[PDB]
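**Q** Can you read through this structure? Questions will come right after.
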Amino acid sequence: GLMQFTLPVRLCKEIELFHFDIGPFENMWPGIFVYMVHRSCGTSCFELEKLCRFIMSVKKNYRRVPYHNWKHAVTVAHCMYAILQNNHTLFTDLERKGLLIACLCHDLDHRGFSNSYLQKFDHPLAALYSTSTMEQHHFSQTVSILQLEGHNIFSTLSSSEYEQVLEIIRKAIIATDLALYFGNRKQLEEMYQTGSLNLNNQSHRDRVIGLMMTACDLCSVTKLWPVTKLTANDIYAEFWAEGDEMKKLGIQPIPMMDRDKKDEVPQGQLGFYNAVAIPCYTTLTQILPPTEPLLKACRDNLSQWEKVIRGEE
Ligand SMILES: CCNc1nc(N)nc2[nH]cc(-c3cccc(C(F)(F)F)c3)c12
Ligand SMILES: [Mg+2]
Ligand SMILES: [Zn+2]
């Protein structure tokens, strides 16, 4: 309980910024997460022995895929940490606990394939969950690990508080289904502009937390250009492997997933920034002003893809 985690000076400082990269040393990522939990929540919120044991099982249950891996989990969790720390007073004690956990667990047991692929393959998970297939699986794996011996990090919550926190985690993980994001953001944009947005309405908080989840999930686009550029390589390696699996089912994949259409990548990045990424950080910034650095970093990267097209790189 008198056992603060501490990081080297460069990490102690840069971990507080939205555009932090956690680095290539896998063995520090557990310590980085615990440091964030302790600074975001308290040294008191979790039992150190139980939390370490949870983190290491969560890591074990992520797979060796190019993008949707353990590094993605910890990266998404760091962006949540930076939102929460810039928005000190806005969030309950349960929310601070639930959200860093949700982010670490949001892609548990990802195989590097989209909901679409699972449905077209006729994967058993598509029979068990007609919508948000993989996200209901990720939540399912999160509960499973919570139920392992010595892994209930929520042990000191009441039956009531426990059920609220698992319900935060559940909604937070479903919201990472990007198909759900577009309507979530429209509704939020309308609520904000007709001035009906009320963070005391649980049903409003839910939508705000879903947007935070999309934002943290998409956060490769809020990094400095060299991180953004090299992360895009991992994203497309997964997309093209799926395209290959689509071609084996006898289905032309969408060009995003077709590795024969590598040339179209920069124009695709533009659409993505324009249709998804910018709207997302803009609406988030309107609701939570201190998140403006994510919007700014995204605008910077849109500008770098526009220079890729004009062949200035
Ligand atoms: C276009 C390039 N995509 C992406 N590019 C980057 N940099 N980050 C990303 N994270 C998720 C996607 C993604 C996943 C599924 C569907 C789509 C959509 F374009 F349909 F919205 C997008 C994505
Ligand atoms: Mg996911
Ligand atoms: Zn994710």
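**Q** Looking at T231, is it of a type in the set (S, T, Y) and away from ligand 2 (no atom under 16 Å from the Cβ)? Give the steps one after another, and end with the answer.
**A** Details: of a type in the set (S, T, Y): yes; away from ligand 2 (no atom under 16 Å from the Cβ): no.
Spelling it out, it is not the case that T231 is of a type in the set (S, T, Y) and away from ligand 2 (no atom under 16 Å from the Cβ).
**Q** Condition first: within 14 Å of ligand 3 (Cβ to nearest atom) and over 12 Å from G98 (Cα atoms). Now tell me which residues in the range 151-178 satisfy that.
**A** Residues of the range 151-178 that are within 14 Å of ligand 3 (Cβ to nearest atom), as a first pass: 172-178.
Answer for the range 151-178, where residues must be within 14 Å of ligand 3 (Cβ to nearest atom) and over 12 Å from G98 (Cα atoms): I174, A175, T176, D177, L178.
**Q** Output the residue which, of all residues in the range 236-271 that are crowded, with 17+ Cβ neighbours inside 10 Å and within 16 Å of ligand 3 (Cβ to nearest atom), is farthest from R310 (Cα to Cα).
**A** Among those residues, the one meeting the criterion is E242.
**Q** Spot the failing condition for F121; the list is (1) farther than 24 Å from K59 by Cβ; (2) more than 16 Å from ligand 1 (Cβ to nearest atom); (3) of a type outside the set (G, A, S); (4) buried (at least 17 other Cβ atoms within 10 Å of the Cβ), and only one is missed.
**A** With (1) farther than 24 Å from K59 by Cβ; (2) more than 16 Å from ligand 1 (Cβ to nearest atom); (3) of a type outside the set (G, A, S); (4) buried (at least 17 other Cβ atoms within 10 Å of the Cβ) applied to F121, the lone miss is (4).
**Q** Now for a separate question. Out of (1) farther than 24 Å from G112 by Cβ; (2) within 14 Å of ligand 1 (Cβ to nearest atom); (3) buried (at least 16 other Cβ atoms within 10 Å of the Cβ), the odd one out for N274 is which?
**A** (3)
**Q** Same structure, new question: From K186, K229, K223, which residue is surrounded by fewer than 21 Cβ atoms within 10 Å (Cβ to Cβ), within 13 Å of ligand 1 (Cβ to nearest atom) and basic (K, R)? Step through it out loud before you land on a result.
**A** Details: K186 fails: within 13 Å of ligand 1 (Cβ to nearest atom); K223 fails: surrounded by fewer than 21 Cβ atoms within 10 Å (Cβ to Cβ).
Every option except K229 fails the conditions.
**Q** So, one more: Between a first residue in the range 235-262 that is within 12 Å of ligand 1 (Cβ to nearest atom) and a second residue that is among the β-branched types (V, I, T) and in a helix (DSSP H, G or I), which pairs have beta carbons less than 8 Å apart while being 6 or more apart in sequence or on different chains?
**A** Final answer for the pair search is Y236/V265.
**Q** Right, something else. Any residue in the range 275-290 that is on the phi > 0 side of the Ramachandran plot and small (G, A, S) sitting within a Cβ distance under 6 Å of a residue that is part of a helix (DSSP H, G or I) and surrounded by 20 or more Cβ atoms within 10 Å (Cβ to Cβ)? List the pairs, counting only those 6 or more apart or interchain.
**A** none
**Q** Name, by its number, the condition in (1) crowded, with 16+ Cβ neighbours inside 10 Å; (2) farther than 21 Å from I168 by Cβ that does not hold for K13.
**A** (1)
No value in this document is a laboratory result; all are computed from the given coordinates. So basically every Cβ, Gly included, is an ideal-geometry build from the backbone, and we count neighbours across all protein chains shown.
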